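Two separate entries follow, structure 1 and structure 2, each one form of the same protein chain as structure tokens.
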Structure 1
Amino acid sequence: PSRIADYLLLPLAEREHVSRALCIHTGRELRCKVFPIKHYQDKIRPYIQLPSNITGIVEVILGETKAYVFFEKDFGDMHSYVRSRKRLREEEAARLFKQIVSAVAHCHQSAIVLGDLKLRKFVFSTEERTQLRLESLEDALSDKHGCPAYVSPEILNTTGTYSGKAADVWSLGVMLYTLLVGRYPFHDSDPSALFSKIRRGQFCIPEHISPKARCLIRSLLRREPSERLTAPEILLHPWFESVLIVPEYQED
């Protein structure tokens, strides 16, 4: 039977590298995912050590070779939320998107490129579903299934080399559009058409989206990466106003 510090580890219905972590003293229920420590240090730890909790990590237990990351259960992701709401009203979209952007700005200011930004990368911290956190543990909205909706112009043009931070901002643009409209801005099921529209920056913002929201979307989905807002700059965009330590313990 699997016991680590004062937690009992139990298999989860899925069981990727994730388990149930029950506190032996109280029955408090967390989640645990195990990683090689090298991988934890390189890919997970940076997120924990930002100044400000954008993750829901409670603590990390560092064994011999492996890191046991204990985190809070979440209350669903933003992909499922948009799907169930169809699309968000501007006031909610702005509240939630500001939390998303604040997370990314923090990351970028410590030289952390995410590279995998999507609505499913953000999850609710409570049952209220008013506060999002970054899914940092590597753990419907198009014409058909499997739209590569986060493909940027850089990744189609250039030669593979481009700005990580500016590519994340493109992803913030796709996310913002999708929050407000309920479909991705580039959503063709035919990849020829999709890639053509992405390279040429061709998408349509419905008329009823406010002027401040429309120019913010446009300011993120600029074809030229150098022309996009930085994540810090997004936080000061007039749209928002218009509508509005993790401990590490060693073990044997």
Structure 2
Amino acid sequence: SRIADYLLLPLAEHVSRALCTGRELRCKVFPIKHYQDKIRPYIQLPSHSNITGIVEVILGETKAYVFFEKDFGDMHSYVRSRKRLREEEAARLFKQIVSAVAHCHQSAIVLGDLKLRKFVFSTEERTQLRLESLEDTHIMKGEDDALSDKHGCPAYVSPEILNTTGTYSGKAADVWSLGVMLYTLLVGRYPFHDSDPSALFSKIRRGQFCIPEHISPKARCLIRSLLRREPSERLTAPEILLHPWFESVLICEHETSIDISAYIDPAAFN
């Protein structure tokens, strides 16, 4: 069926493939009355190589048609296909994932529902990721990030969502999800796993998880920086982006001096 220089072709929910030129887009179809709130996040957020933009919206009598570039698979199927990722690749990909999240947080968009499925390859190259969708993120006002809508995939849920009543820091929660991602890319399993969701929540509450020996020292203590029990102890998405691991693979009680060179590859950092 025609829209406006586009053929719509099925995909079975309300996404269909659109085709120009010979260009192949994806196309989400909403009823006009509710299209505008759906696309609000895209408006608030500046464009970014790792966030999926709106290409075009076209209006019909009953429906809005919102046009999206197409993906070539998601990071969750990627990890199943590839049992675990080699740090070089993990770092290459996880950095893009974090830049996406950081860029959102800088523009006061809290993601809320981070998971490997939400990041998709942008070409058949399958070297470049993008946040698939903003459809259900949370548009914040300035520096605020407190939220109480507790919705998401169980393996990625932070302890504070499970043991706090009321609000929680949505950015800190997002960072925990990034920790779950990083673990799961390098290891090949979730840090906390069970078939039953309530059983899985009881092991997140407990917080016991083991990083196997094959993981590098710098990647190990990046993971433990993100999967901290206390949310305020976790790193910010901006500061994850500057953590030694990436360049390496391309008051206290003691004031002990050490060889800083060992933690640092300014060469690779730029």
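Between two forms, the rigid core is defined as the largest C-alpha subset superposing within 1.5 Å. Here, residue number means position along structure 1's sequence, counting from 1.
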Which listed residue, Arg183, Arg45, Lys212, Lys33, is the one whose CA shifts 2 angstroms or more between structures 1 and 2 with the rigid core aligned?
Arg45
Comparing between structures 1 and 2 on the rigid core, is the C-alpha shift at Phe203 2 Å or larger?
no
Once the two forms are fit on the core, has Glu224 moved its CA by at least 2 Å between structures 1 and 2?
no
Using the core for the fit, does the CA position of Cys107 change by 2 Å or more between structures 1 and 2?
no
Once both forms share the same rigid core frame, by what distance in Å has the CA of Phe71 shifted between structures 1 and 2?
1.1
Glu59: Cα shift between structures 1 and 2 after core superposition, Å, came to 2.6
Determine, in Å, the CA shift of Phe124 between structures 1 and 2 after the rigid core is used for superposition.
0.2
